[PDB]
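The structure tokens that follow cover one protein chain in two forms, given apart as structure 1 and structure 2.
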Structure 1
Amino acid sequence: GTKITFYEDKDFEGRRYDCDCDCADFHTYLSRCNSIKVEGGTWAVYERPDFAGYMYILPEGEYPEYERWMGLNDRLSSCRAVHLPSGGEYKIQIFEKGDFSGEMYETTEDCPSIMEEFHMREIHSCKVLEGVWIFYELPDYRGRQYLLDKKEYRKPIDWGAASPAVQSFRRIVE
């Protein structure tokens, strides 16, 4: 029962497009997106078609302007719903060095500052043991977002990053 609606203008005005599960290209129906309503569930929305470019995570809610999903602009073209397992536990292992090496830290908690908590500004590999997580380039859940749907991540490119810069992360909780 999850649904997201994109609107071409701010404040939920103008032409709109509805997605119910995974839409690899709505650019043909909307040339821009300046407000979004997320009715149920959590969604990943993407700048370019086929889930490419900058990514933004939107939990349920109303977003009357693109700044409210921390967007860079009104350019969005594809989206997929974030499917969470039940159970309700979250666990991540973050590594100082590539290929699950160097200092390891394991945590079940949101981390708004990797520097203050783990004394690193970079993550070079990672194992998500339980749940679903977001990595952020900057502290306090700012900057480039990356979605980590469990499994193992040998190198930053495996979570979509061009570099190991990660400075906060948090769980996607329904």
Structure 2
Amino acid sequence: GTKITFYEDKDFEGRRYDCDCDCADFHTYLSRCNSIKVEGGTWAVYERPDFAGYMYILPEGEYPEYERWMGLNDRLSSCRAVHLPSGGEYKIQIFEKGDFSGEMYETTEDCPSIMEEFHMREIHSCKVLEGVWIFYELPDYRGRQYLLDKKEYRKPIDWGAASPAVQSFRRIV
């Protein structure tokens, strides 16, 4: 019973498209997205069809301009609802090299700068043992966003990234 509404202009103006289930392609219904209203739960929204391109994670709320979801442009074309467990334990394993190789670290806590904490600038694979997490390109949860809502990620492309650069990560609660 969650819903997301996309508006072409800022401040919830202009033509609109709404999604109540997952939508793999609404680029023919909206030329651009400059504000969003999210109801009922948390959504992942994507620049290109079929959940491709830049992605952004939006909790319930009102977003009058794309900066409010750290958007890179006003282009969105697909979206899916994020299923969050009832606030249990959260646990993630990050790896120095692809395919779960190299050095590994396991944590239960948000990390606003992984260099100071794990002495890595990059994460080349990961296993999400419990919970749902977000990787960020820059420290303090800034820059590009990548949703980790599955279990195993063998290489960065599996979380939608072109490179293993990750500098912070946190749980979705």
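Structure 1 provides the reference sequence; residues are numbered from 1 along it. Rigid core: the largest C-alpha set superposing within 1.5 Å between the two forms.
- Taking the rigid core as fixed, one finds a CA shift for residue 97 of 2 Å or more between structure 1 and structure 2.
- Note on residue 86: its Cα is shifted 2.9 Å between structure 1 and structure 2, core used for superposition.
- Summarising the core-aligned comparison between structure 1 and structure 2, the C-alpha atom of residue 120 is found to shift 1.8 Å.
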